[PDB]
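Architecture and fold: a report
This is what each chain is made of:
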Amino acid sequence: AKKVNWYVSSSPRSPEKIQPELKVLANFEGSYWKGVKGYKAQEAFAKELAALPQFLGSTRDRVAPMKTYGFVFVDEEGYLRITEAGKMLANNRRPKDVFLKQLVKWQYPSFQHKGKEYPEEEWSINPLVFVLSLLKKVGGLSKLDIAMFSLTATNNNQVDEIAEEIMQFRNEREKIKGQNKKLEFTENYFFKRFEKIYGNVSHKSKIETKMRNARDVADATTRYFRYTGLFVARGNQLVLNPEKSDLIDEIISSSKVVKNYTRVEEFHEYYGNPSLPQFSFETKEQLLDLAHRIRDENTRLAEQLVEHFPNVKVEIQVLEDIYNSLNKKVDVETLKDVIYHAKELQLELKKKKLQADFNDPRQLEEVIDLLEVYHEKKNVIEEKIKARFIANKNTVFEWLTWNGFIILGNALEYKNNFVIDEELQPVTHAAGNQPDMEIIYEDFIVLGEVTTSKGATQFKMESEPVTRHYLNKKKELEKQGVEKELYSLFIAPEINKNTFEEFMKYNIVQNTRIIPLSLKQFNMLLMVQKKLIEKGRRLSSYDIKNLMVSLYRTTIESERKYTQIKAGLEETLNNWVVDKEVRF
C-alpha cells in the first residue's frame with residue numbers, strides 16, 4: 001500500500017491560489033469536520049468556495065494541500081482548526097515568507113503522511129530541502145528532471161545517489177545524437193525507471209499515467225518552490241537563488257524530520273507555527289541590519305537609474321513610506337514587515353532597471369527575436385520555448401509582451417498580472433478575471449491583453465474576457481476617482497476578424513477603447529524604439545499616449561467595414577512611425 005513518491009498537488013498548481021481558498025476555509029473554523037457528522041460543513045464550504053470571483057478568477061482534494069502545508073488540521077474531537085501559519089496566510093501577511101517556512105518544515109513522514117503507507121524505514125525527507133541539496137550537486141533541474149528523479153526520492157540521505165544517477169543520465173543522453181533521438185532516450189529511460197518503481201513482477205498505459213501525473217506534479221513543485229524566493233529559473237532550469245546563499249546553507253544545516261508526528265496537536269504546535277524555524281538573523285538587532293542592508297541595495301539601484309529613468313521616483317517614495325514605520329515602532333514584527341515590503345519594492349526597482357538594460361541593442365533585440373518565434377509553426381514555438389523557459393509558451397508570450405512595454409519606457413508601473421519569480425522570470429499565467437498586465441502611465445493606463453490563440457477559438461477565448469476586463473477596470477477607476485483614460489492593447493500573432501469586429505463594436509457602442517495590434521505591428525513599435533536609441537533618442541510618454549489616442553480615434557471614426565478599419569489602423573500606425581523619422 002506504500003506510496004513511493006511525494007508530491008506538490010496541482011490543486012491548485014500555483015501557490016498564490018491557496019490564499020483565497022484558505023480565507024474561505026477559515027470561516028469554518030470550529031465546524032465539525034470528521035466523518036459523517038462532518039458532512040454539512042464540508043458541504044457548505046465546497047459551496048461558498050464555488051462562489052468566488054475565482055469563478056471569473058474534489059473537495060478534500062481541495063483541502064488536502066492546506067493540510068499538507070500545515071495551514072489547517074482536524075483536532076481529535078473532530079473540529080476544523082486553523083494553525084497560526086494558516087491565519088497569517090488567510091490575512092495575507094508576508095505570504096511568501098509563510099510559504100518559505102512551511103515548505104522548509106514540510107516533511108515525510110508527517111501527521112498527514114504516516115503509518116502503513118509511509119514507514120520510517122523508507123521515509124525520512126524534507127522535500128524542499130532535499131531539492132536544495134540536490135541543486136547544490138547538479139546545478140539545475142528542469143520540470144522533467146524533477147518528475148523523473150526527485151519526486152520518487154523518499155529519504156534525505158538519497159541526495160548523492162540521486163545526483164549521481166542524474167549526472168549519469170545527462171552523460172548518456174549526451175551520447176544520443178539527434179534532438180528527437182534524445183527525446184526518445186529520455187522518454188524511454190523515464191518509462192523504464194517508473195517501471196521498476198511502480199513495476200514489480202495494459203501495463204504500458206498504466207505507467208504512462210504515472211509519468212504524466214509526475215510531470216503535472218513537477219510543474220506545481222517548481223512554481224511553489226520559486227514562490228519562496230529560495231529558487232529561481234535560469235532558462236528551463238530550477239536553480240538556487242544566488243542572493244540567498246547563506247539562508248539556504250542555514251536551512252540545510254538546521255532542517256530535521258521531527259519524530260513526534262503521529263499526534264495531531266503536538267505536531268501542529270510545531271508545524272503550524274510560522275515563526276519556526278527561527279533563523280539566526282531574526283533578532284531585533286539583526287533584522288535592523290537586514291532592513292538597512294536592503295535599504296542600501298534599493299538606494300543604489302534607484303540612484304543608478306534616476307537621472308536617465310526618472311520614473312524610478314515612484315519606488316523611491318514608496319521606499320520612504322515603508323521605512324517610515326520604524327519612526328514609530330522598532331520591534332521584530334514591524335521589522336519583518338519592512339523587510340518583506342522592501343524586497344517587494346526591490347523587485348519593482350529591477351523592473352525599471354530593465355529599461356537601462358535595454359539600452360544595449362542586443363538585449364532589446366533578444367526580446368524582439370523571441371517575439372518573432374511566435375510567427376513560427378506550433379511545434380517550433382513549443383520547442384524553442386521549452387529550451388529557454390520553465391513556463392509554457394502562453395505565459396512566456398505574456399512575459400515577452402510585458403518586456404515589450406518596458407522597452408517602450410515611461411510607465412509609472414509595469415504591473416504584470418502573471419506571476420514572476422525573484423529574477424523576474426515567468427511562473428504562472430494571469431487569472432481569467434485579469435488582463436495579462438496593466439501598464440500605468442502618468443495620465444493614461446494600458447491593459448495588455450495577449451494570446452497565441454487563433455480563429456474561432458480566439459473569439460471564444462478572448463472576446464468576452466477582454467471587454468469584461470476593460471469595463472471592470474473603467475468602473476473601478478471611476479470608483480477611485482482616478483481620471484486617466486483607459487486603453488486595452490490586444491496583441492496576437494494573427495488577429496481573428498470576428499474578434500476584431502467585436503472589439504470595434506464595443507468601442508463605438510459601449511465606449512471602450514480596445515486597440516487590436518498584430519504581433520507584427522507590436523514588434524514594429526519595438527523596432528522603432530531600438531532605432532531611436534541607436535540615435536541618442538527614445539519614445540516619450542507623450543509619444544505612447546499619442547499612438548494609443550490615434551489608433552483609438554481610428555477605431556471609432558473609420559468607415560465601418562472590417563477591411564476599412566483594419567486599413568485605417570495600418571495608416572494611423574504608419575503615420576506615427578514615419579513621424580519618428582527612423583529606418584523603419
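Judging from the entry metadata, X-ray crystallography is the method by which this structure was determined, and 1.93 Å is the reported resolution.

Observations regarding the sheet that holds strand β5 (residues 413–416)
As summarised here, the arrangement of the five strands in space is β5-β8-β9-β10-β11, forming an open sheet in which the pairing is mixed. Whereas interior strands pair on both sides, the edge strands pair on one side only; in this sheet they are β5 and β11 (514–518). Within the sheet, the average angular offset between the axes of one strand and its neighbour, ignoring direction, is 20 degrees. Strand contacts of helix α20 (residues 497–510): β10 (485–492) and β11, with the helix running at about 155 degrees to β11, the strand carrying the most contacts.

Quick notes on helix α22 (residues 541–557)
Given a rise of 1.5 Å per residue, 17 residues ought to cover 24 Å, and the 24 Å separating the end C-alpha atoms of α22 matches this to within 8%. Inspection of α22 places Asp543, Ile544, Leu547, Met548, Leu551, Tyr552, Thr554, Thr555 and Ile556 among the buried residues, and these make up the whole buried set.

Structural notes on the side chain of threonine 154
Note that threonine 154 resides in the loop between α7 (143–150) and α8 (159–175). Residues in contact with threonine 154, not counting those within four places in the same chain, are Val4, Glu122, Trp123, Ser124 and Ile125.

Concerning the environment of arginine 226
Tracing the sequence through the fold places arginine 226 in helix α10 (residues 203–228). Note: C-alpha distance between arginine 226 and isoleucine 420 (194 residues apart in sequence) is 8.9 Å. Excluding residues within four positions of it along the chain, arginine 226 makes contact with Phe231, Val232, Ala233, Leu238, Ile390, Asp421, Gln425, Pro426 and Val427. Of the polar contacts made by the side chain of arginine 226, one reaches the side chain of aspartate 421; its length is 2.8 Å.

Regarding the packing of aromatic side chains
Scanning the model with the defined rule gives 34 aromatic pairs in all. Summarising the aromatic geometry, the rings of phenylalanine 28 and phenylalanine 45 are spaced 6.0 Å apart at their centres and angled 65 degrees between planes, so their arrangement reads as edge-to-face. Of this pair, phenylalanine 28 sits in the loop between α1 (18–26) and α2 (39–50) while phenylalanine 45 sits in helix α2; the two residues are 17 residues apart in sequence, bridging distant segments of the chain. For the pair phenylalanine 28 and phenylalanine 45, one class covers both residues: buried. Geometrically, the ring pair formed by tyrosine 69 and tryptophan 106 is edge-to-face, given 5.6 Å between the ring centres and 85 degrees between the ring planes. In this pair, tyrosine 69 is assigned in the loop between α3 (64–68) and β1 (72–74) and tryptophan 106 in the loop between α5 (95–105) and α6 (127–138), connecting sequence segments 37 residues apart. Of the residues examined, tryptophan 106 reaches a relative accessible area of 1% and is grouped as buried.

Quick notes on the domain arrangement of the chain
By the assigned domains, the chain splits into domain 1 (14–278), domain 2 (279–359) and domain 3 (360–584). Put simply, the middle of domain 1 and the middle of domain 3, counted by C-alpha atoms, are 36 Å apart. Contacts between the two partners involve 21 residues from domain 1 and, on the opposite side, 17 residues from domain 3. In this assembly, domain 1 packs against domain 3 so that about 1600 Å² is buried in total across both faces, 51% of it on carbon and sulfur atoms. For domain 1, the biggest contributors to the area lost against domain 3 are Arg223, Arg226 and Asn236; these three give 34% of the whole. At the junction of domain 1 and domain 3, the tally comes to three salt bridges. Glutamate 422 serves as the salt-bridge partner of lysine 96, at 3.1 Å between the closest nitrogen and oxygen.

Quick word on helix α11 (residues 245–254)
Among the residues making up α11, those that are buried are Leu247, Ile248, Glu250 and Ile251. Viewed end-on, α11 has its buried residues packed into an arc of 160 degrees, placing them on one side of the element. With respect to the buried face of α11, the exposed residues turned more than 90 degrees away are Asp246 and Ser253. Of the surrounding elements, those touching the buried residues of α11 are α5, α6 and β4 (237–240).

Focus: the environment of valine 427
Mapped onto the secondary structure, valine 427 falls in strand β7 (residues 426–428). Sequence separation of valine 427 and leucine 354 is 73 residues, and the distance between their C-alpha atoms is 18 Å. Contact partners of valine 427, with chain neighbours within four places excluded, come to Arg223, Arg226, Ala391, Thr395, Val419, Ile420 and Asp421.

Digging into the packing of α7 against α10
The interhelical angle for the contact between α7 and α10, taken along N-to-C directions, is 115 degrees, at an axis separation of 8 Å. For the pair α7 and α10, the crossing hand works out as right-handed. On α10, the residues that touch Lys143, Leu144, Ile146 and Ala147 of α7 are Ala214, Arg215, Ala218, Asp219, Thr221 and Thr222.

What counts and what doesn't
- All residue numbers are counted from 1 along each chain's written sequence and may depart from the entry's numbering; residues that have no coordinates are not represented.
- Side-chain calculation: all heavy atoms of the structure are included, whereas hydrogens and water are not.
- Paired strands, as defined in this entry, are two strands with at least two bridges between them according to DSSP.
- The way it works is that DSSP assigns letters per residue, a run of H or I at least four long becomes a helix, a run of E at least two long becomes a strand, and they are numbered from the N terminus.
- Helix axes use the C-alpha atoms of the stretch in contact, all axes being lines fitted to C-alpha atoms, and the angles between their N-to-C directions lie in the range 0 to 180 degrees.
- It only takes one pair of heavy atoms within 4.5 Å for two residues to be counted as in contact.
- Take the residue count of a helix, subtract one, and multiply by 1.5 Å to get its expected span.
- The buried label applies to any residue whose accessible area, calculated with a 1.4 Å probe on protein chains only, is under 20% of its type's maximum; exposed applies above 50%, and partly exposed to all values in between.
- N or O atoms within 3.5 Å of each other form a polar contact, as long as, within protein, one can give a hydrogen and the other can take it, and as long as residues adjacent in sequence are counted only when both atoms are side-chain atoms.
- Stacked, edge-to-face and tilted labels apply to pairs of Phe, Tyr and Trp rings (six-membered ring for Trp) whose centres lie within 6.5 Å, assigned for plane angles under 30 degrees, over 60, and everything in between, in that order.
- Either an automatic procedure or a domain database provided the assignment from which the domain bounds are taken.
- A 1.4 Å probe defines the accessible area here, and the buried area is the portion of it lost by two parts on being joined, summed over both.
- We count a salt bridge whenever a side-chain nitrogen from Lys or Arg sits within 4 Å of a carboxyl oxygen from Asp or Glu.
- Our arc is simply the arc of the directions from the helix axis toward the C-beta atoms.
- Crossings are assigned a handedness: left-handed for a near helix turned anticlockwise from the far helix by less than a right angle, right-handed for a clockwise turn.

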